Amino acid sequence: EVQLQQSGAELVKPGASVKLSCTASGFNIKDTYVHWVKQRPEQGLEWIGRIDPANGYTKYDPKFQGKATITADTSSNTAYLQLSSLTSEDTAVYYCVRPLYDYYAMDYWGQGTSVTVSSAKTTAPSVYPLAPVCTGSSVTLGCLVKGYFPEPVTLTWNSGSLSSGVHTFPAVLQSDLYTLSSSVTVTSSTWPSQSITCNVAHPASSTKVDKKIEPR
Amino acid sequence: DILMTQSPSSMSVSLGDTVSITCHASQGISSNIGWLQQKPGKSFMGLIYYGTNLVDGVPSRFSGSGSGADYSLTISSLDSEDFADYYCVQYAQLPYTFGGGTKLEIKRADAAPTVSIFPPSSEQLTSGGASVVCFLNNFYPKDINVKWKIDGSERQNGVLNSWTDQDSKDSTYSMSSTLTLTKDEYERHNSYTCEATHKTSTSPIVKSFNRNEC
Amino acid sequence: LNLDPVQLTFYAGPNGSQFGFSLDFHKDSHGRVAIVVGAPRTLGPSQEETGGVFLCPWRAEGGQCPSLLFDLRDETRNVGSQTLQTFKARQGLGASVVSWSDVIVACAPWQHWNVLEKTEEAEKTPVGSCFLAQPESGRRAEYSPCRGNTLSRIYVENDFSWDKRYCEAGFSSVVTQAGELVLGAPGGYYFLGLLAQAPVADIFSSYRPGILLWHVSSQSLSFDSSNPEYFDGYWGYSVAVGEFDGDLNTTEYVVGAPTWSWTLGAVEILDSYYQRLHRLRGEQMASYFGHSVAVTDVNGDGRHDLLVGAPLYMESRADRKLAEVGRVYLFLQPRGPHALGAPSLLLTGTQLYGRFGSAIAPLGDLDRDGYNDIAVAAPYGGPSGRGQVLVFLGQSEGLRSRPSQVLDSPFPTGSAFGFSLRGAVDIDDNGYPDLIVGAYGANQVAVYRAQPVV
Amino acid sequence: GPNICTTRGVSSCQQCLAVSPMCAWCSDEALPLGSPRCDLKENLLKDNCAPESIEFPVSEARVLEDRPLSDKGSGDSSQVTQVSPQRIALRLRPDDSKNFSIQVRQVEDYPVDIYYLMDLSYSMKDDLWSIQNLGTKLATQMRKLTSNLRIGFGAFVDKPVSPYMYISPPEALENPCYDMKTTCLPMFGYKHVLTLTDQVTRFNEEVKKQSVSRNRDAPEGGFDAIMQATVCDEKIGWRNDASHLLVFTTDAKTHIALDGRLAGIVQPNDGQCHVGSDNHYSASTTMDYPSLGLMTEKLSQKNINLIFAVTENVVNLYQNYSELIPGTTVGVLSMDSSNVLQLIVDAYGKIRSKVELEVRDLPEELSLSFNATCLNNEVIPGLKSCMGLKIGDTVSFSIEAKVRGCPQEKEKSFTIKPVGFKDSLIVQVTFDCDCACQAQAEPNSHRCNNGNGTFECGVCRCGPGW
Ligand SMILES: *[C@@H]1O[C@H](CO)[C@@H](O[C@@H]2O[C@H](CO)[C@@H](O[C@@H]3O[C@H](CO)[C@@H](O)[C@H](O[C@H]4O[C@H](CO)[C@@H](O)[C@H](O)[C@@H]4O)[C@@H]3O)[C@H](O)[C@H]2NC(C)=O)[C@H](O)[C@H]1NC(C)=O
Ligand SMILES: O=C(O)CN1CCN(C[C@@H]2CC(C3CCNCC3)=NO2)CC1
Ligand SMILES: *[C@@H]1O[C@H](CO)[C@@H](O)[C@H](O)[C@H]1NC(C)=O
Ligand SMILES: [Ca+2]
Ligand SMILES: [Ca+2]
Ligand SMILES: [Ca+2]
Ligand SMILES: [Ca+2]
Ligand SMILES: [Mn+2]
Ligand SMILES: [Mn+2]
Ligand SMILES: [Mn+2]
């Protein structure tokens, strides 16, 4: 079967360079064109360029001329995307693509390699409990995980015990650091009757803090 | 370059429906178009190449059509796995260019959100910051507006928002809004409010608290 | 010995179409045998020669045959900021035909091709192309492995390496028993010659109309070479397959290269990765050793033997003179892992310019004595120069040195009777294998039925 | 005493002569009963046989035409004699043999045709510059050897058809060199340029207007051109009584018969002239390259001496072809043809350094044997060819003709001709197997068993039907 296995997620500083790889699994990389595509949430999908690994000839979108350099080594059956002079806007997910039958199509995709550009150092999160204010049948608590780098973090309640009725929101970049929040909703007879704890782990800085939600 | 205008940006549909995504190009591309699928939090799979040709393995409920500069992707009888993102791509000319994408979402009955406001914790205040958090949970449809008010006056600087994907259980959406101030600025005022505007109510859903008071 | 030369069967195509240039037996999904006939100058839609193919039902009276229809229209595709073009005028569709299972493969070796990009071009060149048909279902596919999209300047900059622009893919063809199509492309790699192989099933499943440039991932092509012995060798002018390495799980290829090594000529036996196992060298320069190759076990030991035709071989005669008559070489495969040796037998033509050995057809066991037999054509032989086909019977020591039967052309002068030949198939179901003989110069095919031995 | 003539016990005069060339027959009436009529001629006269009644033919040979060998091949309306004698009468009785001679001279000052057939593909561009004065330079050196020189010119590239010819863009058809930085001629197969003439500045001036073309594949179409230059007698202008030199220059491999199928061409070469008024080979795109055997036939038929003047990178190739085309010469050509003048002079010397006898129309029952004398009176048995000769040398051959039995036809003639020569020796053979007395036979003689027999040569023979 045809599989494109890309390299792992990269975490680099602005102004540096990074080289992504795309290894052919189940076929010869020499067989077809290999393309590189950039994906961002706002900007969407953008074609970077292509290489013919049989000879090394390349094409590029003039938007990426200078930053993108696509190479290939038939020996390792792998294609490469070198990015240089990195910037916050180079933060994206990069895919290698090849066609099935049509010479010019874009049918088979690697899993994608995440790139993140930042000057932030490895910072541990600040975990804050969120208790309501001084009534109904349903009560909602929360937990705020602010100012950590890099991603990701794991958040649970009562160490995975309380799982249903929970909304953990995607992290957001707040001035080179990340912020994340999570809510939980139960009945009024449960809390403060039963101890609810917010368990946050940040394996990057190797920290596992737990804040018990206390009423006001 | 060739512009690829893909419509609609999203659609709310149900299982078993027949739906069509369209893609308009700034010039004729003579069926040199492919269709792509990206399932939530995953990579891409090719569906169609050269306008009408199914990629190997793709189910036959998918089909492509069109000509010149106007093309369509049709799914007859939607399956649960079909709720994902879809993109067109033209390869008539270099550089290859993509459409903006279409997200198929699950349709359901409208639901008002459960709003909850949370004052800054003791811990954060003793470090010099002050974050007011507002949760807006389990609503449909996805369109919603949050408005922060400090002493009755709207505030736009320092707001940070996050949304979840359509929830797997009830197919609703949820939102988190956070207003971060300094400790010094947080104490210059008394009333803190987040307002929620949804199509489920003409009046905005309002939740608030007063500093010092509890 | 026992072909019937009294009551023949004639099929005819249009005047000037070269009906009979190539032919093969075709069996449908029910086992009913028909004859597929190539006619490489058949007129197309624009009243221009493009070639054509006919599928002749077996009838003792013969007659006219229905067409096997293929798309004769030139194609254009604008894609990847390039313009792809096929050109079917004078492409010679039907210059080769071969049947396997219920599929027919008909090739147009001189189909031209070009790619345009702004002011540049690939150059308009004969890459050739093959057309595939499943007649009962109407399925159609194409295979054209030498089409590329590289511009002319790039070949110049890289010293014309791996240059497949003049392949003439389909010039010769054969299908393995397992259904791998093997194409001879004697113009490949700037006239060295190459072979292209792909499973028939993968050709159909990877083909879609209008794409023009597509990948057949299971395909395999032979290799360019820096060795001047291969330059202008037309490797792939003829092709065949057989069992030559003692391992029944592998199929070996037999490739004719009639101008190899400054027109000495050669035939090579390869494994299916195109690694060379043996090389037979021509005996006389310009004799076109390798013009035709045939594979069949003639001496009843179960080991495939090899026949090679050199239709322009000049025999030595009295007073230090030479006479172009043609020659056929027989090589018996030795027991176990050993090289093919010197020829076991030389068969030499008689008639000046008769081109004995221009075609060599396995007959199966014609007289049913336990040994397989062959027919050799001399398309300009016979005392009148009209053409002859000569039958040679197998025996324990190889082949008989004298023919058991000679078939004189029933057609007028210039018919090229015997230029194409096919045997080893019982078309009338009488238990004896029969012989079809093409005479493209007369636009006809003759069928000789084998009968009980008299 | 008795001998094979008497012991054989012959029945007739004819049977007597067939016993041995030494037997004779006596047709005289007054001969004793016991005495045989078939004996040695001496023994017959010893037994008082009338000399007139003796039948004893003797195998002989007498010349009929014996013109002297010419000292010069110059002048004359080709009244030049290179072979002597030109005609003899040969007489042979059964199982007998007679011998005769022939002289052959490589005549001095014999006319010469030189047709220059030139590769004009793109690598020969500097060759064209070198030979702009060839016509006059060649005339100066050949004047030392002959006073009747004619020269001519033709050129070839390859078949003007894909894939040999570039066919795109349209500009490439008018100028194959478009994608380089120059202009060259559209591709052509073979074009005749200059009919053989003694006006050598016509050669210079035609060459100065020639230019190269460009084709795709290294082997070229020169064999097409050799064929046309050979069989288009009137257009090329070969003379009847002259040495014919066809000078073929190239620096590349050559296309051969059955190559044409790469351009879709399958029609075999017909060996006929297809150069019309436009001076181009009109069958180039429709007829296959000729085979070696067909080239050989036509070169021999027209008495053309082919010279392969080729560069060192293909010398071995053309030497090997030369061995398959007997009479062909090979010389090493420089990369710019600067040495072609001496090559032609050396080739002309090699061509006229050999005399090789050929026999045409020899009857089956006749066998010949040859003793050769070349150099200085050195006899070489069993040989019919001389080598190492110079212009003006003369060689001779002794020939013996043996007849096996007596053939049905009593008069036949055959020819002894040196290869490439105009003159020849015609041998008129008469088989003397009959007796003169048979012409005056008496059918139904009343001497032979009451009219049941015929009386001839003094004996009785059973008549027809018995
Ligand atoms: C022009 O014609 C000449 C005359 O034939 C021709 O030269 C010959 O070429 C052959 C092939 O290269 C030479 O062959 C060999 O003989 C020697 C012994 O003298 C052996 O060493 C060689 O053996 C090896 O190679 C063989 C394959 O060629 C193998 O089968 C064998 O097992 C060995 O591995 C080989 O048999 C031959 O010696 C020459 N002869 C002369 C006199 O040079 C020449 O190549 C022709 N050129 C052109 C351009 O046509
Ligand atoms: O003669 C002309 O008109 C032009 N000439 C220009 C040079 N051409 C050279 C070509 C290149 C080529 C090698 C073959 C081996 N692999 C690499 C390519 N064979 O011959 C021949 C024709
Ligand atoms: C005939 O041959 C003999 C010997 O072979 C020779 O002595 C004699 O001179 C020859 N005569 C003629 C006329 O050739
Ligand atoms: Ca095998
Ligand atoms: Ca065998
Ligand atoms: Ca048999
Ligand atoms: Ca039969
Ligand atoms: Mn050349
Ligand atoms: Mn030169
Ligand atoms: Mn050429």
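Going by Swiss-Prot, the residues shown for chain C are 32-485, listed in order.
Per the header of the entry, the method used was X-ray crystallography, 2.0 Å.
Cβ coordinates are placed from backbone N, Cα and C, and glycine is handled just like the others.
Looking at the candidates C:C87, C:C138, Swiss-Prot gives C:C87 as the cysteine bonded to C:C96 by a disulfide. For C:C161, the partner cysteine in a disulfide bond according to Swiss-Prot, taken from C:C138, C:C177, is C:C138. Other Cβ atoms within 10 Å of the Cβ of C:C161 (disulfide bond), summed over all protein chains shown, number 26.
Residues from the recorded positions list (C:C161, C:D336, C:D465) with a C-beta closer than 6 Å to any atom of ligand 5: C:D336.
Cα-Cα distance from C:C161 (disulfide bond) to C:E283 (Ca(2+) 1 binding site): 22 Å (rounded to the nearest whole number).
The distance from the Cα of C:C138 (disulfide bond) to the Cα of C:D332 (Ca(2+) 2 binding site) comes to 35 Å. Secondary structure of the repeat 'FG-GAP 4' (C:251-305), assigned with DSSP and counted as helix (H, G, I), strand (E, B) and coil, comes to 7 helix, 18 strand, 30 coil. The candidate set comprises the binding-site residues C:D276, C:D398, C:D459. Of these, C:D398 has the most other Cβ atoms within 10 Å.
Checked against C:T281 (Ca(2+) 1 binding site), the recorded positions C:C96, C:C177, C:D332, C:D396, C:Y402 differ in C-alpha distance, with C:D332 being the nearest. The two recorded residues, C:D396 (Ca(2+) 3 binding site) and C:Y463 (Ca(2+) 4 binding site), show a Cα separation of 8 Å. Within 10 Å of its Cβ, the residue among the binding-site residues C:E274, C:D278 with the fewest other Cβ atoms is C:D278. Within 8 Å of the Cβ centroid of the Ca(2+) 3 site, not counting the listed residues C:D396, C:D398, C:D400, C:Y402, C:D404, the chain contributes C:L397, C:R399, C:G401, C:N403, C:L424, C:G425. A Cβ within 8 Å of the Cβ centre of C:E274, C:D276, C:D278, C:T281, C:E283, the residues given for Ca(2+) 1, is found for these other residues of the same chain: C:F275, C:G277, C:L279, C:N280, C:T282, C:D302. Sorting each residue of the repeat 'FG-GAP 5' (C:306-371) by its DSSP state yields 0 helix, 30 strand, 36 coil. Listed binding-site residues: C:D328, C:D404. The one with the lowest count of other Cβ atoms within 10 Å of its Cβ is C:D328. Applying an 8 A CB threshold to same-chain residues 6+ apart, the list for C:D457 (Ca(2+) 4 binding site) reads C:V64, C:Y463, C:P464, C:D465, C:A481.
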